[PDB]
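Below is the file query-v9.cif, which contains mmCIF, C-alpha atoms and all ligand atoms.
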```
data_run
#
loop_
_atom_site.label_atom_id
_atom_site.label_comp_id
_atom_site.auth_asym_id
_atom_site.auth_seq_id
_atom_site.Cartn_x
_atom_site.Cartn_y
_atom_site.Cartn_z
CA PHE A 1042 -40.53 42.49 -2.55
CA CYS A 1043 -37.00 41.19 -1.92
CA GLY A 1044 -37.33 37.51 -1.05
CA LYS A 1045 -39.62 35.68 1.34
CA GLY A 1046 -39.47 36.64 5.00
CA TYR A 1047 -38.04 39.69 6.71
CA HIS A 1048 -35.48 41.38 4.45
CA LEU A 1049 -32.09 41.80 6.13
CA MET A 1050 -29.47 42.29 3.40
CA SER A 1051 -28.71 41.72 -0.25
CA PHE A 1052 -25.76 41.39 -2.58
CA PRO A 1053 -25.72 41.79 -6.38
CA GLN A 1054 -23.91 39.47 -8.77
CA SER A 1055 -23.23 39.77 -12.48
CA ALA A 1056 -24.62 37.62 -15.31
CA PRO A 1057 -24.18 37.82 -19.12
CA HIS A 1058 -27.46 39.58 -19.99
CA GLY A 1059 -28.86 40.14 -16.53
CA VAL A 1060 -28.29 40.58 -12.84
CA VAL A 1061 -28.73 37.97 -10.11
CA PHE A 1062 -29.36 39.17 -6.57
CA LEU A 1063 -28.86 37.21 -3.35
CA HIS A 1064 -31.41 38.31 -0.75
CA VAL A 1065 -30.55 37.24 2.81
CA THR A 1066 -33.62 37.18 5.08
CA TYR A 1067 -34.58 36.26 8.65
CA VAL A 1068 -37.20 33.51 9.17
CA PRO A 1069 -38.75 32.58 12.55
CA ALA A 1070 -39.04 28.96 13.67
CA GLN A 1071 -39.80 26.67 16.63
CA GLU A 1072 -42.83 28.38 18.12
CA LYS A 1073 -44.63 27.49 21.35
CA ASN A 1074 -48.10 27.73 22.92
CA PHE A 1075 -48.80 30.73 25.16
CA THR A 1076 -51.91 32.11 26.83
CA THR A 1077 -52.47 35.87 26.50
CA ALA A 1078 -54.40 38.84 27.86
CA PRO A 1079 -54.94 42.25 26.23
CA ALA A 1080 -54.16 44.12 29.46
CA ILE A 1081 -53.71 43.61 33.17
CA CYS A 1082 -55.64 44.91 36.17
CA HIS A 1083 -53.59 46.05 39.16
CA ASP A 1084 -54.96 48.03 42.10
CA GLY A 1085 -57.75 49.26 39.85
CA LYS A 1086 -55.63 50.39 36.90
CA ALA A 1087 -55.20 48.87 33.45
CA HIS A 1088 -51.57 48.15 32.57
CA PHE A 1089 -51.07 47.86 28.77
CA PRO A 1090 -47.71 46.58 27.45
CA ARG A 1091 -45.42 49.00 25.68
CA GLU A 1092 -43.34 46.92 23.26
CA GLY A 1093 -44.76 43.44 23.06
CA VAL A 1094 -47.52 41.32 24.51
CA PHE A 1095 -48.28 40.01 27.97
CA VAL A 1096 -48.03 36.21 27.81
CA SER A 1097 -48.80 33.55 30.38
CA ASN A 1098 -47.01 30.24 30.83
CA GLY A 1099 -49.98 28.72 32.61
CA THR A 1100 -49.09 29.86 36.12
CA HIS A 1101 -46.99 32.99 35.57
CA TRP A 1102 -47.25 36.15 33.48
CA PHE A 1103 -44.55 37.99 31.54
CA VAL A 1104 -44.12 40.54 28.73
CA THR A 1105 -42.17 39.91 25.55
CA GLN A 1106 -41.44 41.18 22.04
CA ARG A 1107 -43.67 39.64 19.40
CA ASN A 1108 -40.74 38.53 17.21
CA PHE A 1109 -38.88 36.26 19.63
CA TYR A 1110 -39.59 34.73 23.05
CA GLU A 1111 -37.65 36.61 25.74
CA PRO A 1112 -39.70 36.68 28.94
CA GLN A 1113 -39.39 39.46 31.51
CA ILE A 1114 -41.23 40.47 34.67
CA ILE A 1115 -44.18 42.80 34.13
CA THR A 1116 -43.00 46.02 35.78
CA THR A 1117 -44.12 49.62 35.99
CA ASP A 1118 -41.52 50.85 33.50
CA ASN A 1119 -42.30 48.48 30.61
CA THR A 1120 -46.10 48.93 30.72
CA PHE A 1121 -48.05 52.15 30.46
CA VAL A 1122 -51.24 52.77 32.43
CA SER A 1123 -54.47 54.34 31.17
CA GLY A 1124 -58.16 54.47 32.05
CA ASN A 1125 -59.69 52.18 34.66
CA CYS A 1126 -59.57 48.44 35.37
CA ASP A 1127 -63.16 47.76 34.32
CA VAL A 1128 -63.43 49.08 30.76
CA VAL A 1129 -61.84 46.71 28.25
CA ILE A 1130 -63.13 43.15 27.89
CA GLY A 1131 -60.42 40.60 28.52
CA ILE A 1132 -58.33 41.83 31.42
CA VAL A 1133 -56.81 39.48 34.00
CA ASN A 1134 -56.00 39.96 37.66
CA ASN A 1135 -52.25 40.04 38.32
CA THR A 1136 -49.59 42.07 40.11
CA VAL A 1137 -46.96 44.54 38.91
CA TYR A 1138 -43.52 44.88 40.49
CA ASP A 1139 -42.39 48.44 41.20
CA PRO A 1140 -38.58 48.74 41.07
CA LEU A 1141 -38.58 51.92 43.16
CA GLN A 1142 -39.99 50.43 46.35
CA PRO A 1143 -37.07 48.06 47.16
CA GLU A 1144 -34.90 51.17 47.28
CA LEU A 1145 -36.92 52.83 50.02
CA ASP A 1146 -35.75 50.12 52.41
CA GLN B 853 -68.20 33.19 -32.22
CA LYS B 854 -66.06 30.21 -33.30
CA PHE B 855 -66.92 28.35 -36.46
CA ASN B 856 -64.02 28.23 -38.96
CA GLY B 857 -60.57 27.47 -37.62
CA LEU B 858 -60.96 29.61 -34.49
CA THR B 859 -61.15 28.29 -30.95
CA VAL B 860 -60.56 29.24 -27.33
CA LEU B 861 -58.53 27.15 -25.04
CA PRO B 862 -59.76 26.55 -21.47
CA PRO B 863 -57.88 28.02 -18.50
CA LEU B 864 -55.69 25.83 -16.33
CA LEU B 865 -57.25 27.04 -13.06
CA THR B 866 -60.99 26.58 -12.80
CA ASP B 867 -63.32 28.92 -10.94
CA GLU B 868 -63.68 26.63 -7.94
CA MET B 869 -59.92 26.31 -7.72
CA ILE B 870 -59.34 30.03 -7.66
CA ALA B 871 -62.08 30.46 -5.07
CA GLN B 872 -60.13 27.90 -3.09
CA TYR B 873 -56.98 29.97 -3.22
CA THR B 874 -58.86 33.08 -2.15
CA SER B 875 -60.59 31.19 0.64
CA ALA B 876 -57.23 29.98 1.92
CA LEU B 877 -55.81 33.50 1.66
CA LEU B 878 -58.44 35.37 3.58
CA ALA B 879 -58.81 32.47 6.01
CA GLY B 880 -55.16 32.95 6.85
CA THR B 881 -54.96 36.71 7.34
CA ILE B 882 -57.80 36.46 9.88
CA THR B 883 -56.05 33.89 12.03
CA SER B 884 -52.38 34.83 11.69
CA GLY B 885 -51.97 38.19 9.94
CA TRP B 886 -48.74 39.10 8.22
CA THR B 887 -47.04 36.25 10.06
CA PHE B 888 -48.44 33.47 7.88
CA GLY B 889 -46.79 35.23 4.95
CA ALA B 890 -43.22 34.82 6.25
CA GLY B 891 -43.06 31.35 7.79
CA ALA B 892 -45.39 29.07 9.69
CA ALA B 893 -48.76 30.47 10.67
CA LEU B 894 -49.09 31.73 14.25
CA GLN B 895 -52.56 31.84 15.81
CA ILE B 896 -53.16 35.25 17.36
CA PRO B 897 -56.57 36.37 18.68
CA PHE B 898 -58.11 38.75 16.16
CA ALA B 899 -58.75 41.74 18.42
CA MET B 900 -55.13 41.72 19.51
CA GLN B 901 -54.08 41.72 15.87
CA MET B 902 -56.22 44.73 15.07
CA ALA B 903 -54.88 46.56 18.12
CA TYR B 904 -51.38 45.88 16.89
CA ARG B 905 -52.20 47.20 13.43
CA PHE B 906 -53.41 50.36 15.12
CA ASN B 907 -50.08 50.65 16.81
CA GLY B 908 -48.63 50.11 13.34
CA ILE B 909 -50.27 53.30 12.12
CA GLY B 910 -49.48 55.48 15.13
CA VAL B 911 -52.44 55.28 17.50
CA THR B 912 -51.87 53.97 21.02
CA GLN B 913 -53.07 50.39 21.41
CA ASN B 914 -55.52 51.23 24.19
CA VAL B 915 -57.66 53.20 21.74
CA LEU B 916 -58.78 50.02 20.04
CA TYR B 917 -59.68 48.19 23.24
CA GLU B 918 -61.63 51.08 24.72
CA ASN B 919 -63.64 51.56 21.49
CA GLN B 920 -63.83 47.94 20.31
CA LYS B 921 -67.63 47.94 20.04
CA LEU B 922 -67.84 51.04 17.87
CA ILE B 923 -65.11 49.72 15.60
CA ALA B 924 -66.83 46.38 15.06
CA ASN B 925 -70.11 48.14 14.33
CA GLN B 926 -68.58 50.46 11.76
CA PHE B 927 -66.81 47.54 10.08
CA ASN B 928 -70.02 45.54 9.75
CA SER B 929 -72.15 48.43 8.49
CA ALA B 930 -69.43 49.13 5.94
CA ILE B 931 -69.43 45.61 4.60
CA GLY B 932 -73.19 45.81 4.24
CA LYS B 933 -72.91 49.11 2.41
CA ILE B 934 -70.51 47.56 -0.11
CA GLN B 935 -72.84 44.59 -0.54
CA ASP B 936 -75.62 46.93 -1.51
CA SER B 937 -73.58 49.27 -3.68
CA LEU B 938 -72.59 46.27 -5.75
CA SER B 939 -76.01 44.67 -5.58
CA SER B 940 -77.67 47.67 -7.21
CA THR B 941 -75.20 50.00 -8.96
CA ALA B 942 -74.71 49.01 -12.59
CA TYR C 695 -54.76 13.41 -12.38
CA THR C 696 -56.32 16.51 -10.88
CA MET C 697 -53.70 18.87 -9.53
CA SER C 698 -53.41 19.38 -5.79
CA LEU C 699 -53.21 22.94 -4.53
CA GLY C 700 -51.17 22.08 -1.44
CA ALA C 701 -51.47 20.70 2.05
CA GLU C 702 -54.66 21.28 4.05
CA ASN C 703 -53.86 22.39 7.61
CA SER C 704 -56.23 24.43 9.78
CA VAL C 705 -54.87 26.77 12.45
CA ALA C 706 -56.00 26.14 16.03
CA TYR C 707 -57.48 29.61 16.52
CA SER C 708 -58.55 30.61 20.04
CA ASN C 709 -59.42 33.91 21.68
CA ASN C 710 -56.79 33.67 24.45
CA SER C 711 -53.97 31.72 22.80
CA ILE C 712 -50.94 32.94 20.86
CA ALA C 713 -48.10 31.10 19.13
CA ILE C 714 -44.63 32.55 19.60
CA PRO C 715 -41.35 31.68 17.82
CA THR C 716 -38.43 30.60 19.97
CA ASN C 717 -35.70 30.34 17.30
CA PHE C 718 -34.73 31.63 13.89
CA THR C 719 -33.06 30.64 10.62
CA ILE C 720 -31.50 33.10 8.17
CA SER C 721 -31.86 31.97 4.54
CA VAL C 722 -30.27 33.40 1.39
CA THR C 723 -32.71 33.20 -1.52
CA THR C 724 -31.78 34.21 -5.10
CA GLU C 725 -33.52 36.22 -7.83
CA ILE C 726 -32.73 36.49 -11.55
CA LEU C 727 -33.54 39.36 -13.93
CA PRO C 728 -32.59 40.11 -17.55
CA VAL C 729 -31.46 43.62 -18.35
CA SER C 730 -30.37 43.62 -22.00
CA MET C 731 -30.42 42.01 -25.44
CA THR C 732 -28.00 41.80 -28.35
CA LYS C 733 -27.65 45.17 -30.10
CA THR C 734 -28.56 43.88 -33.55
CA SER C 735 -28.59 45.87 -36.79
CA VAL C 736 -29.66 45.06 -40.36
CA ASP C 737 -28.82 46.90 -43.60
CA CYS C 738 -32.20 47.27 -45.32
CA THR C 739 -30.95 47.77 -48.88
CA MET C 740 -28.45 44.92 -48.79
CA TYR C 741 -31.09 42.68 -47.25
CA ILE C 742 -33.58 43.45 -50.00
CA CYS C 743 -31.30 43.90 -53.01
CA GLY C 744 -27.65 43.30 -52.18
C1 LIG A 1201 -50.96 25.25 20.56
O1 LIG A 1201 -51.68 24.28 21.34
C2 LIG A 1201 -52.44 23.33 20.58
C3 LIG A 1201 -53.21 22.48 21.57
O2 LIG A 1201 -52.80 22.74 22.91
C4 LIG A 1201 -51.50 22.52 19.70
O3 LIG A 1201 -52.25 21.60 18.93
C5 LIG A 1201 -52.49 20.99 17.72
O4 LIG A 1201 -52.45 21.53 16.40
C6 LIG A 1201 -53.05 20.68 15.40
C7 LIG A 1201 -52.82 21.34 14.07
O5 LIG A 1201 -53.83 20.99 13.13
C8 LIG A 1201 -54.53 20.47 15.72
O6 LIG A 1201 -55.09 19.58 14.76
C9 LIG A 1201 -54.69 19.90 17.12
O7 LIG A 1201 -56.07 19.85 17.47
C10 LIG A 1201 -53.94 20.76 18.14
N1 LIG A 1201 -54.09 20.25 19.51
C11 LIG A 1201 -53.65 19.08 20.03
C12 LIG A 1201 -52.90 18.14 19.12
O8 LIG A 1201 -53.85 18.80 21.20
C13 LIG A 1201 -50.73 23.46 18.78
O9 LIG A 1201 -49.78 22.73 18.02
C14 LIG A 1201 -50.00 24.53 19.60
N2 LIG A 1201 -49.31 25.46 18.72
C15 LIG A 1201 -48.15 26.04 19.03
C16 LIG A 1201 -47.58 26.95 17.99
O10 LIG A 1201 -47.60 25.85 20.11
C1 LIG A 1202 -43.92 29.26 34.48
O1 LIG A 1202 -42.78 30.09 34.70
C2 LIG A 1202 -42.37 30.18 36.07
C3 LIG A 1202 -41.21 31.14 36.11
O2 LIG A 1202 -40.13 30.67 35.31
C4 LIG A 1202 -42.01 28.80 36.58
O3 LIG A 1202 -41.66 28.88 37.96
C5 LIG A 1202 -40.31 28.42 38.14
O4 LIG A 1202 -40.24 27.00 38.26
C6 LIG A 1202 -38.89 26.53 38.32
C7 LIG A 1202 -38.88 25.01 38.29
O5 LIG A 1202 -39.16 24.50 39.60
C8 LIG A 1202 -38.24 27.06 39.60
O6 LIG A 1202 -36.87 26.63 39.64
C9 LIG A 1202 -38.31 28.58 39.66
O7 LIG A 1202 -37.89 29.02 40.95
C10 LIG A 1202 -39.72 29.07 39.39
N1 LIG A 1202 -39.73 30.51 39.24
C11 LIG A 1202 -39.82 31.31 40.30
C12 LIG A 1202 -38.54 31.96 40.74
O8 LIG A 1202 -40.88 31.51 40.87
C13 LIG A 1202 -43.20 27.87 36.41
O9 LIG A 1202 -42.85 26.55 36.81
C14 LIG A 1202 -43.62 27.84 34.94
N2 LIG A 1202 -44.76 26.96 34.76
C15 LIG A 1202 -45.22 26.59 33.57
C16 LIG A 1202 -46.40 25.67 33.58
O10 LIG A 1202 -44.72 26.99 32.52
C1 LIG A 1203 -63.29 33.33 24.55
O1 LIG A 1203 -64.00 32.15 24.16
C2 LIG A 1203 -64.49 31.38 25.27
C3 LIG A 1203 -65.14 30.15 24.68
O2 LIG A 1203 -65.89 30.47 23.52
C4 LIG A 1203 -65.46 32.22 26.10
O3 LIG A 1203 -65.88 31.46 27.22
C5 LIG A 1203 -67.24 31.60 27.35
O4 LIG A 1203 -67.48 32.75 28.18
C6 LIG A 1203 -68.76 32.73 28.84
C7 LIG A 1203 -68.86 34.03 29.61
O5 LIG A 1203 -67.90 34.08 30.65
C8 LIG A 1203 -68.86 31.50 29.73
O6 LIG A 1203 -70.16 31.47 30.33
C9 LIG A 1203 -68.65 30.25 28.90
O7 LIG A 1203 -68.66 29.09 29.73
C10 LIG A 1203 -67.30 30.34 28.19
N1 LIG A 1203 -67.07 29.15 27.38
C11 LIG A 1203 -66.06 28.31 27.60
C12 LIG A 1203 -65.96 27.14 26.67
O8 LIG A 1203 -65.25 28.49 28.50
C13 LIG A 1203 -64.75 33.48 26.58
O9 LIG A 1203 -65.65 34.33 27.29
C14 LIG A 1203 -64.22 34.23 25.37
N2 LIG A 1203 -63.61 35.51 25.74
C15 LIG A 1203 -62.55 35.74 26.53
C16 LIG A 1203 -61.84 34.56 27.13
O10 LIG A 1203 -62.16 36.89 26.74
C1 LIG A 1204 -60.18 40.73 40.25
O1 LIG A 1204 -60.07 41.09 41.62
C2 LIG A 1204 -61.24 41.73 42.14
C3 LIG A 1204 -60.91 42.12 43.56
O2 LIG A 1204 -60.99 41.00 44.43
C4 LIG A 1204 -62.43 40.78 42.04
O3 LIG A 1204 -63.61 41.42 42.51
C5 LIG A 1204 -64.10 40.71 43.66
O4 LIG A 1204 -64.96 39.63 43.32
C6 LIG A 1204 -65.30 38.85 44.46
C7 LIG A 1204 -66.09 37.62 44.01
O5 LIG A 1204 -67.44 38.01 43.71
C8 LIG A 1204 -66.11 39.69 45.44
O6 LIG A 1204 -66.38 38.93 46.62
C9 LIG A 1204 -65.37 40.96 45.81
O7 LIG A 1204 -66.24 41.84 46.54
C10 LIG A 1204 -64.85 41.68 44.57
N1 LIG A 1204 -63.97 42.77 44.96
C11 LIG A 1204 -64.21 44.02 44.57
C12 LIG A 1204 -63.46 45.09 45.31
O8 LIG A 1204 -64.99 44.28 43.67
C13 LIG A 1204 -62.61 40.35 40.59
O9 LIG A 1204 -63.65 39.38 40.51
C14 LIG A 1204 -61.31 39.74 40.07
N2 LIG A 1204 -61.46 39.36 38.68
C15 LIG A 1204 -60.72 38.40 38.11
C16 LIG A 1204 -60.99 38.12 36.66
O10 LIG A 1204 -59.86 37.79 38.74
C1 LIG A 1205 -32.09 27.05 17.04
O1 LIG A 1205 -31.88 26.06 16.04
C2 LIG A 1205 -30.50 25.71 15.86
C3 LIG A 1205 -30.44 24.74 14.71
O2 LIG A 1205 -29.64 23.61 15.04
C4 LIG A 1205 -29.96 25.11 17.15
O3 LIG A 1205 -28.58 24.80 16.98
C5 LIG A 1205 -27.85 23.71 17.67
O4 LIG A 1205 -27.96 23.75 19.09
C6 LIG A 1205 -27.38 22.59 19.69
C7 LIG A 1205 -27.66 22.60 21.19
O5 LIG A 1205 -27.17 21.39 21.78
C8 LIG A 1205 -25.88 22.57 19.42
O6 LIG A 1205 -25.31 21.37 19.97
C9 LIG A 1205 -25.60 22.64 17.93
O7 LIG A 1205 -24.19 22.84 17.71
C10 LIG A 1205 -26.38 23.77 17.28
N1 LIG A 1205 -26.24 23.72 15.84
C11 LIG A 1205 -25.38 24.50 15.19
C12 LIG A 1205 -25.79 24.91 13.81
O8 LIG A 1205 -24.33 24.86 15.69
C13 LIG A 1205 -30.14 26.10 18.29
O9 LIG A 1205 -29.75 25.49 19.51
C14 LIG A 1205 -31.60 26.53 18.38
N2 LIG A 1205 -31.77 27.54 19.42
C15 LIG A 1205 -31.82 27.23 20.71
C16 LIG A 1205 -32.00 28.39 21.65
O10 LIG A 1205 -31.73 26.08 21.11
#
```

Write-out of the structure in structure tokens:
Amino acid sequence: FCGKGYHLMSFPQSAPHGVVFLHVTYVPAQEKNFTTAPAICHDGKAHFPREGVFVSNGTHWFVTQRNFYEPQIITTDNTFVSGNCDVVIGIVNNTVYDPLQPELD
Amino acid sequence: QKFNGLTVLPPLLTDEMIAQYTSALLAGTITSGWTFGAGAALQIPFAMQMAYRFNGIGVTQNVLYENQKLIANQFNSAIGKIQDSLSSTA
Amino acid sequence: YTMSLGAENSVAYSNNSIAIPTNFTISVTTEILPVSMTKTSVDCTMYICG
């Protein structure tokens, strides 16, 4: 509605018989190739991502926001768990780090 | 019709050219979704895209994955119902 | 000549492959809209008879 891309801000300017608007928008660029997986299997449970998608760099797995690559370790507190491992087509076998356990030592 | 000083000018865009715009359009939104309408197209597997759109309404993503078969079936039988509504209803 | 509609590039769709942006550019587009005309007026009798 207000310029191509994701609208961020606008400023009006005058004109003799009209109004000219400047619409400042965000546009993504420089995108890479990643492998994905709808959900992960860990100890028999399906771990779905909360905010973002699980993405693989070939030999490692992470979780990131869909707007901009910012990889992070797939941990218990960024992924919710529901149902069983064998239920949704497309899971992959991986591990999940639990931040609590390093504290018990 | 047109026989004494009246005419009709042809359109600039022919039927095959419009059907080429609409083929490009709905061949994009399958492969890239809203993305291709902002910048470069980004290939995203379809089922993931639908799951996201579910999150976009307010239903937890897992609902789509668990029920993927029923969803696909309802979609298909709906397209066929439209095909027949149009094929018969004047 | 016959007009071209644009470039022809097909997307490498897969069922386990996603493309993700790693940078961004903010761009300031412009838009123009009229909102008025000259408030004209004509005296009908002077125009016709004067
Ligand atoms: C994702 O990976 C593919 C292949 O690994 C990249 O490939 C090319 O894209 C062009 C576009 O038309 C195709 O014709 C080629 O067949 C693709 N494969 C090649 C050249 O090996 C693609 O560019 C990557 N996309 C992103 C966003 O990283
Ligand atoms: C995928 O990502 C992982 C994690 O970044 C990469 O593993 C790292 O490789 C670098 C380069 O040797 C090492 O310095 C790091 O120690 C590694 N990470 C750790 C701490 O395990 C991996 O090389 C990447 N591979 C691909 C194909 O993208
Ligand atoms: C995604 O597509 C690929 C290729 O179409 C599918 O791979 C086929 O899967 C069957 C069942 O496991 C295998 O017998 C075939 O050999 C696979 N083909 C290839 C070329 O690898 C895959 O199953 C699809 N679904 C995913 C990955 O979830
Ligand atoms: C995920 O891990 C499970 C657990 O190892 C795999 O299931 C095993 O499959 C092997 C190969 O046939 C069997 O020998 C084991 O008996 C299975 N374990 C159990 C407890 O069922 C499963 O194949 C893995 N899947 C993927 C995609 O990596
Ligand atoms: C995103 O794109 C911009 C566009 O140039 C990149 O900007 C330049 O980065 C180089 C890195 O060596 C700098 O030397 C230049 O000064 C930057 N240009 C400007 C406008 O100052 C930027 O680096 C890209 N993002 C990333 C993460 O590399």

Any idea which chain A residues end up within 9 Å of chain C if we count only C-alpha atoms, as a PyMOL selection string please? chain A and resi 1043-1046+1049+1051+1056-1079+1096+1107-1111+1131

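Checking A:1116, A:1134, A:1055, A:1123 one by one against chain B, counting all atoms listed in the file, you find the shortest gap at A:1123.
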
With a cut-off of 8 Å and counting all atoms listed in the file, select all residues of chain B in contact with chain A and give the selection as a ChimeraX atom specification. /B:889-892,900,914,917-918

Test item: chain B residues at most 12 Å from chain C, counting all atoms listed in the file, as a VMD selection string: chain B and resid 864 to 866 868 to 874 876 879 to 884 887 to 888 890 to 901

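Going from CA of residue 1138 (chain A) over to CA of residue 913 (chain B), you cover 22.0 Å.
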
Please write out the residues within 8 Å of ligand LIG 1204 (chain A) as a count of residues only, counting only C-alpha atoms and all ligand atoms. 5

What does the structure give for the distance between atom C10 of ligand LIG 1201 (chain A) and CA of residue 1092 (chain A), in Å to one decimal? 28.7 Å

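Taking CA of residue 941 (chain B) and CA of residue 923 (chain B) as the two end points, the separation is 26.6 Å.
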
Take every atom of region 1064-1079 of chain A listed in the file, pad by 4 Å on each side, and give me the axis-aligned box centre and edge lengths in Å, one decimal, as AutoDock Vina command-line options.
```
--center_x -42.7 --center_y 34.5 --center_z 13.6 --size_x 32.4 --size_y 23.6 --size_z 36.6
```

Shell of 9 Å around ligand LIG 1202 (chain A) (only C-alpha atoms and all ligand atoms), written as JSON, numbers by chain: {"A": [1097, 1098, 1099, 1100, 1101, 1102, 1103, 1112]}

Selection above as a file: C-alpha atoms, as a JSON list (two decimals), in the coordinates of the input:
```json
[["chain", "number", "residue", "atom", "x", "y", "z"],
["A", 1097, "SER", "CA", -48.80, 33.55, 30.38],
["A", 1098, "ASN", "CA", -47.01, 30.24, 30.83],
["A", 1099, "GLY", "CA", -49.98, 28.72, 32.61],
["A", 1100, "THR", "CA", -49.09, 29.86, 36.12],
["A", 1101, "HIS", "CA", -46.99, 32.99, 35.57],
["A", 1102, "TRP", "CA", -47.25, 36.15, 33.48],
["A", 1103, "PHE", "CA", -44.55, 37.99, 31.54],
["A", 1112, "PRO", "CA", -39.70, 36.68, 28.94]]
```

Give the answer as one residue: which of A:1095, A:1050, A:1115, A:1084 has the shortest atom-to-atom distance to residue 1137 (chain A), using only C-alpha atoms? A:1115

Take region 695-706 of chain C, model N, CA, C and O atoms, and hand the result over as a PDB file, keeping the file's coordinate frame.
```
ATOM      1  N   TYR C 695     -54.232  13.177 -13.717  1.00  0.00           N
ATOM      2  CA  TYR C 695     -54.760  13.410 -12.380  1.00  0.00           C
ATOM      3  C   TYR C 695     -55.164  14.867 -12.247  1.00  0.00           C
ATOM      4  O   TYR C 695     -54.752  15.723 -13.031  1.00  0.00           O
ATOM      5  N   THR C 696     -55.963  15.142 -11.223  1.00  0.00           N
ATOM      6  CA  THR C 696     -56.320  16.510 -10.880  1.00  0.00           C
ATOM      7  C   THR C 696     -55.235  17.092 -10.000  1.00  0.00           C
ATOM      8  O   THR C 696     -54.799  16.451  -9.042  1.00  0.00           O
ATOM      9  N   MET C 697     -54.796  18.309 -10.307  1.00  0.00           N
ATOM     10  CA  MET C 697     -53.700  18.870  -9.530  1.00  0.00           C
ATOM     11  C   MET C 697     -54.144  19.183  -8.114  1.00  0.00           C
ATOM     12  O   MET C 697     -55.272  19.619  -7.879  1.00  0.00           O
ATOM     13  N   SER C 698     -53.246  18.934  -7.163  1.00  0.00           N
ATOM     14  CA  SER C 698     -53.410  19.380  -5.790  1.00  0.00           C
ATOM     15  C   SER C 698     -52.961  20.826  -5.626  1.00  0.00           C
ATOM     16  O   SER C 698     -51.990  21.256  -6.253  1.00  0.00           O
ATOM     17  N   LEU C 699     -53.657  21.576  -4.778  1.00  0.00           N
ATOM     18  CA  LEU C 699     -53.210  22.940  -4.530  1.00  0.00           C
ATOM     19  C   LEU C 699     -52.187  23.037  -3.407  1.00  0.00           C
ATOM     20  O   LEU C 699     -51.485  24.049  -3.319  1.00  0.00           O
ATOM     21  N   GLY C 700     -52.086  22.032  -2.559  1.00  0.00           N
ATOM     22  CA  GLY C 700     -51.170  22.080  -1.440  1.00  0.00           C
ATOM     23  C   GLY C 700     -51.736  21.310  -0.269  1.00  0.00           C
ATOM     24  O   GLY C 700     -52.787  20.687  -0.356  1.00  0.00           O
ATOM     25  N   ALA C 701     -51.004  21.361   0.839  1.00  0.00           N
ATOM     26  CA  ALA C 701     -51.470  20.700   2.050  1.00  0.00           C
ATOM     27  C   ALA C 701     -52.671  21.445   2.621  1.00  0.00           C
ATOM     28  O   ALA C 701     -52.880  22.633   2.368  1.00  0.00           O
ATOM     29  N   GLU C 702     -53.465  20.732   3.409  1.00  0.00           N
ATOM     30  CA  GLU C 702     -54.660  21.280   4.050  1.00  0.00           C
ATOM     31  C   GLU C 702     -54.468  21.223   5.561  1.00  0.00           C
ATOM     32  O   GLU C 702     -54.746  20.197   6.182  1.00  0.00           O
ATOM     33  N   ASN C 703     -53.987  22.310   6.161  1.00  0.00           N
ATOM     34  CA  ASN C 703     -53.860  22.390   7.610  1.00  0.00           C
ATOM     35  C   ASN C 703     -54.608  23.605   8.143  1.00  0.00           C
ATOM     36  O   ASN C 703     -54.388  24.729   7.686  1.00  0.00           O
ATOM     37  N   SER C 704     -55.492  23.366   9.107  1.00  0.00           N
ATOM     38  CA  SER C 704     -56.230  24.430   9.780  1.00  0.00           C
ATOM     39  C   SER C 704     -55.531  24.866  11.058  1.00  0.00           C
ATOM     40  O   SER C 704     -55.003  24.043  11.809  1.00  0.00           O
ATOM     41  N   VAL C 705     -55.533  26.173  11.292  1.00  0.00           N
ATOM     42  CA  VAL C 705     -54.870  26.770  12.450  1.00  0.00           C
ATOM     43  C   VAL C 705     -55.786  26.682  13.665  1.00  0.00           C
ATOM     44  O   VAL C 705     -56.971  27.021  13.588  1.00  0.00           O
ATOM     45  N   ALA C 706     -55.240  26.228  14.792  1.00  0.00           N
ATOM     46  CA  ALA C 706     -56.000  26.140  16.030  1.00  0.00           C
ATOM     47  C   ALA C 706     -56.227  27.531  16.614  1.00  0.00           C
ATOM     48  O   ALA C 706     -55.593  27.907  17.602  1.00  0.00           O
TER      49      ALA C 706
END
```
